[PDB]
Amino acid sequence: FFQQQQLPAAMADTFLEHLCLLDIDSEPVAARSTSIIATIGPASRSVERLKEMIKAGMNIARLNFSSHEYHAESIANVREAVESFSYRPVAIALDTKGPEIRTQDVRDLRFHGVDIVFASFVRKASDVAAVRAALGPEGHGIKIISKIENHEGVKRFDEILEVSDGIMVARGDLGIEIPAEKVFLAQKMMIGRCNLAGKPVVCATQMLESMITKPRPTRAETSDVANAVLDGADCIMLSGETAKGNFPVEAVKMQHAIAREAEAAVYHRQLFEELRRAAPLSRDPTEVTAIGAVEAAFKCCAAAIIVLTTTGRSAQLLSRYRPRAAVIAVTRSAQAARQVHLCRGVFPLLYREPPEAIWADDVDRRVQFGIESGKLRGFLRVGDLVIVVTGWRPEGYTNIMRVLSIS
């Protein structure tokens, strides 16, 4: 009961004691919260395997651009595997090809309702003003994740993250564009500033390479996946291991298993406190409500925080304070339900039933929707405690948290 979830190590008084109390016999029981991004290719274009992967852990499917009809088949195939169904949104990410001369894209971008763009070779804020200009007012609601992959981008990181919705640590290209021995510095720096900023961050490429042609990963690759979770990454990735390789689902299986283990061994006591000291005061009532709900979640070992949101914003500001409790986001928007897979700890649930006449009643119905999905999916049992986060009228106005026993 308290033996699980690394709770003994979560209550240590120092980072050092915490490490010494990590218990291989303590079982992850929380839902796995770090999103897996799988890169689509041959081994993963079967509507068959997409069913097998989406059960294995996939949350985002990545469309690398290195033909349009090829990727449009990919799209419709993923989508069919998603709608065959516990229903689990799955977002679609377009990873632009970008400039190339060993160290177009507007067509790929204007090109089907993608949820995310991993823009490539980003180096300045203007770059992001491009991709956002090109996406035009019709492409606004899409999420720009600037890939950082060269020295110039590392050094201008603050101006890039400023305008971006998120960041990718493009380790493949960085390990050539800068000494390989310096990559870990770039990674940890960037993950830390993104957690500080509350904007999702992605660790990527070669994380489970050997699994391209083996069923079991190296020791280094186990450690590498854990440590990206420990660093604070929102999403971890798979490239060849799912594009062009013999173990697409054993891969997604083991990224799920590893991240489930690493997430429990996060030292929240220190992470939360160091966000209390580094984060500026906020006067946004939604952020204020979120830090309140996370603190309450911890005080009672909440099973989940159930938040209502339309744009995904409320669930993001919960995610930035890293609750152990799962963030059960209930939304009528269907792109929101896919785009929040960029924020660690958010499980989306899409409410399709229509509005109700009294504002109060519509909210409860969505909230009980979350409780029943949660009950059925293993998050909630009865006599559990949860935190509930809603508004008073219909995203900006999200300013209420309630403590509720599950009945």
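One rule holds for the numbers: they count along the sequence shown, beginning at 1.
Visitor: Might you work out how many residues are unmodelled in the deposited sequence between residue 394 and residue 395, and answer none, 1 to 3, 4 to 9, or 10 or more?
Guide: In the record, 1 to 3 residues between residue 394 and residue 395 lack coordinates.
Visitor: Do the CA atoms of 224 to 232 or those of 91 to 99 have the higher mean B-factor in the entry?
Guide: Per the PDB entry, the higher value belongs to 91 to 99.
Visitor: Please work out which of 242 to 250 and 292 to 300 has the higher mean CA B-factor as recorded in the PDB entry.
Guide: Higher mean C-alpha B-factor: 242 to 250.
Visitor: Taking the values straight from the PDB record, which of 150, 195, 86, 319 has the highest C-alpha temperature factor?
Guide: If I rank 150, 195, 86, 319 by C-alpha B-factor, first place goes to 86.
Visitor: Out of 199, 110, 313, 124, whose C-alpha atom has the biggest B factor in the entry?
Guide: Going by the entry's C-alpha B-factors, 110 comes out highest.
Visitor: Where does the C-alpha B-factor of residue 269 rank in its chain, lowest, middle or highest third?
Guide: Within its chain, residue 269 is a lowest-third residue by C-alpha B-factor, going by the deposited values.
Visitor: By the recorded C-alpha temperature factor, relative to the other modelled residues in its chain, which third is residue 358 in?
Guide: According to the entry, residue 358 has a C-alpha B-factor in the chain's highest third.
Visitor: Going by the entry, which third of its chain does the Cα temperature factor of residue 401 land in?
Guide: Tercile = lowest for this residue's CA B-factor.
Visitor: Sorting by Cα B-factor within the chain, modelled residues only, which third would residue 344 end up in: lowest, middle or highest?
Guide: It falls in the bottom third of the chain.
Visitor: By the recorded C-alpha temperature factor, relative to the other modelled residues in its chain, which third is residue 188 in?
Guide: Ranked within chain, residue 188 CA B lands in the lowest tercile.
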